[PDB]
Number of protein chains: 2
Amino acid sequence: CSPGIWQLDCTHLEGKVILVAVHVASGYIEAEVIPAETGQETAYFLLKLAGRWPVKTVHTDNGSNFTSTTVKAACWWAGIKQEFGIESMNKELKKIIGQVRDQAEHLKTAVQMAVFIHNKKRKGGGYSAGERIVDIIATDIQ
Amino acid sequence: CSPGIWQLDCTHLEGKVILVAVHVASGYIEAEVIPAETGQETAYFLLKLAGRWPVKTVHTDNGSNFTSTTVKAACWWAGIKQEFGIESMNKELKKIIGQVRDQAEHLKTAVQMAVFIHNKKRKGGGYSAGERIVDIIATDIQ
Ligand SMILES: Cc1ccc(-c2nc(C)c([C@H](OC(C)(C)C)C(=O)O)c(-c3ccc(Cl)cc3)c2C)cc1C
Ligand SMILES: Cc1ccc(-c2nc(C)c([C@H](OC(C)(C)C)C(=O)O)c(-c3ccc(Cl)cc3)c2C)cc1C
């Protein structure tokens, strides 16, 4: 599985929108509570993402997510492509969010606690998702 | 220079607050426009940061930034320590922001364009800051 491929989707919890990106080769996740499920929020998220990792291509389970001109501007500027092709982490992440929920007042706080727990967790014997991404990407530099 | 050390500060531009984190060993940056320069915003930013990189210790040029209980809760939960010890990227980042400013309506957009440009830029002959962090961190896993 290519190191430049990410999957991005939105889920819903407590009336709010959680934008979830998955680095597919590693299982590493970034997520953000966004105020509305719009092109503008997706575009802005993609710019942030791309400044941090070598994002080559992005898949989603809702292709209409990427039709806004604002999103196409962000993938043009950052050099990203979309892919259909001519886990789901959503359940897992929600499970983690439910386990930490009482530890926080705001959903957005519980989401970041859950991302932290997921990325640091030993899938071992065996690295964490956060170790794997960095090693997948370092190796692909070298 | 240790791979777990980050520097965090806020600067001001156009009446707004930009929270800037620097991975000191590599020069890699993450930044976010925040609505107010408060403990709550710093705490939330630190949680996001820590879920993505192995953050061990954080330095700042304004130690009072880390006195709120909300911030101390976030460094306790994530396992972070603060350090006084018993570039500035701020000018550089602002230079980049000024170079891309007209390419965007919102300051927050220009900030992420600038972070992208800074992290991807060849400091070579020579890696980018984004290559260096990942390789510094991968090597420190291994
Ligand atoms: C007296 C007092 C002072 C502060 C807080 C307080 N308030 C808020 C809104 C938050 C979290 O929100 C932020 C935005 C600060 C992360 C949260 O959502 O619970 C947190 C918090 C929760 C988890 C972590 Cl890992 C870090 C900070 C705390 C501790 C609570 C009390 C009772
Ligand atoms: C007809 C039409 C449609 C959309 C936009 C439009 N509007 C906004 C508010 C934004 C940027 O904001 C977001 C939040 C979407 C990134 C910006 O700040 O300029 C962008 C934008 C700017 C730079 C990039 Cl790299 C990506 C998107 C665009 C293209 C402009 C026009 C004239």
Side-chain angles (χ1 to χ4, degrees), chain A residues 28 30 48 51-53 100 103-104 108-109 112-113 115-117 119-122 128 130-131 133-135 138, chain B residues 1-13 17-34 36-94 96 111 114-115 118-119 127-142:
Chain A
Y28 164 91
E30 307 188 355
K48 283 198 296 217
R52 156 163 49 258
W53 305 108
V100 296
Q103 292 176 239
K108 70 172 177 175
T109 305
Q112 306 303 344
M113 296 172 70
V115 165
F116 177 109
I117 284 147
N119 292 338
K120 307 303 191 176
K121 185 145 183 302
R122 206 36 71 126
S128 63
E131 291 163 337
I133 182 174
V134 128
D135 173 44
Chain B
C1 172
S2 167
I5 296 165
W6 289 74
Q7 166 104 14
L8 203 166
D9 295 286
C10 287
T11 352
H12 301 81
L13 209 57
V17 178
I18 301 167
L19 184 44
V20 177
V22 185
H23 179 252
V24 177
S26 67
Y28 164 91
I29 285 171
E30 307 188 355
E32 195 79 60
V33 168
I34 67 181
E37 199 168 347
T38 57
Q40 297 203 5
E41 293 293 331
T42 303
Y44 179 68
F45 179 103
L46 283 169
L47 293 173
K48 283 198 296 217
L49 186 72
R52 156 163 49 258
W53 305 108
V55 179
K56 291 171 217 170
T57 59
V58 182
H59 184 51
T60 178
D61 285 348
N62 186 171
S64 73
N65 274 340
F66 300 154
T67 62
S68 64
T69 100
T70 237
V71 171
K72 293 177 167 173
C75 295
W76 166 76
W77 188 90
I80 304 168
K81 282 98 212 265
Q82 193 202 351
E83 301 237 336
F84 174 57
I86 312 84
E87 261 286 27
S88 83
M89 225 94 282
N90 291 7
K91 69 103 206 333
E92 150 73 357
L93 197 237
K94 284 162 111 153
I96 303 170
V111 170
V115 165
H118 170 269
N119 292 338
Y127 296 87
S128 63
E131 291 163 337
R132 279 189 315 266
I133 182 174
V134 128
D135 173 44
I136 293 165
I137 285 144
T139 298
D140 197 86
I141 294 308
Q142 306 265 276

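Side-chain atoms are counted along with the backbone in the values below, which use heavy atoms only and exclude waters and symmetry mates. Chain identifiers are assigned alphabetically (A, B, ...) following the order of the sequence lines, protein sequences preceding nucleic acid strands; residue numbering begins at 1 within each chain.
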Exercise. Which atom names give the shortest non-hydrogen contact between B/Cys10 and B/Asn90, and what distance separates them?
Worked result: O-ND2, 4.2 Å

Exercise. So do B/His59 and B/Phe84 actually touch side chain to side chain, heavy atoms under 4.5 Å?
Worked result: yes

Problem set entry | From B/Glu83 atom CD to B/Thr57 atom OG1, the distance as rounded to the nearest 0.5 Å | 5.0 Å

For this session: Identify the heavy atoms of B/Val24 and B/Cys1 that sit nearest to each other, and give their distance.
Result: CG1-SG, 3.9 Å

Problem set entry | Closest contact, heavy atoms only, B/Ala43 versus B/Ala74 | O-CB, 3.6 Å

Problem set entry | Nearest heavy-atom neighbours spanning B/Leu49 and B/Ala21 | CD2-CB, 4.4 Å

For this session: Show your reasoning for whether side chain to side chain contact (heavy atoms under 4.5 Å, CB included) applies to B/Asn65 and B/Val71.
Result: CA-CA 8 Å; B/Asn65 274 340; B/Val71 171; over 6 Å; no

Problem set entry | 4.5 Å side-chain heavy-atom contact, B/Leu19 and B/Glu41 | no

Exercise. Roughly how far, to the nearest 0.5 Å, is CG of B/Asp135 from CG of B/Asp140?
Worked result: 11.0 Å

Exercise. Backbone N or O of B/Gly51 within a donor-acceptor pair of the A/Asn119 side chain at under 3.5 Å?
Worked result: yes

Problem set entry | Short side-chain donor-acceptor distance under 3.5 Å, B/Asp61 and B/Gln7 | yes

For this session: Indicate yes or no: at least one non-hydrogen side-chain atom of B/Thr60 is less than 4.5 angstrom from one of B/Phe66.
Result: yes

For this session: For the pair B/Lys48 and B/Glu30, find out whether any cationic side-chain nitrogen is under 4.0 Å from an anionic carboxylate oxygen.
Result: no

Exercise. Step by step, would you call B/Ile133 with B/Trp53 a side chain to side chain contact (heavy atoms under 4.5 Å, CB included)?
Worked result: CA-CA 10 Å; B/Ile133 182 174; B/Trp53 305 108; 3.8 Å; yes

Seminar exercise, completed: Correct closest heavy-atom pair for B/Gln40 and B/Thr70 would be N-CG2, 3.4 Å

Exercise. Is there a side-chain contact between B/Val17 and B/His12, using heavy atoms and a 4.5 Å cut-off?
Worked result: yes

Problem set entry | Interatomic distance, B/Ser128 atom OG to B/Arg132 atom CZ [nearest 0.5 angstrom] | 6.5 Å

For this session: Any chance you could lay out the side chain to side chain contact (heavy atoms under 4.5 Å, CB included) test for B/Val20 and B/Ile18, step after step, and finish with the verdict?
Result: CA-CA 6 Å; B/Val20 177; B/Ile18 301 167; 3.8 Å; yes

For this session: Answer whether the closest heavy-atom distance between the side chains of B/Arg52 and A/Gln112 falls below 4.5 Å.
Result: no

Exercise. Taking side chain as C-beta onward, heavy atoms only, is B/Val55 less than 4.5 Å from B/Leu46?
Worked result: no

Exercise. Within a strict 4.5 Å, meaning less than it, do heavy atoms of the B/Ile136 and B/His23 side chains meet?
Worked result: yes

Exercise. Are side-chain N/O atoms of B/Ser64 and B/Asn62 paired as donor and acceptor at under 3.5 Å?
Worked result: yes

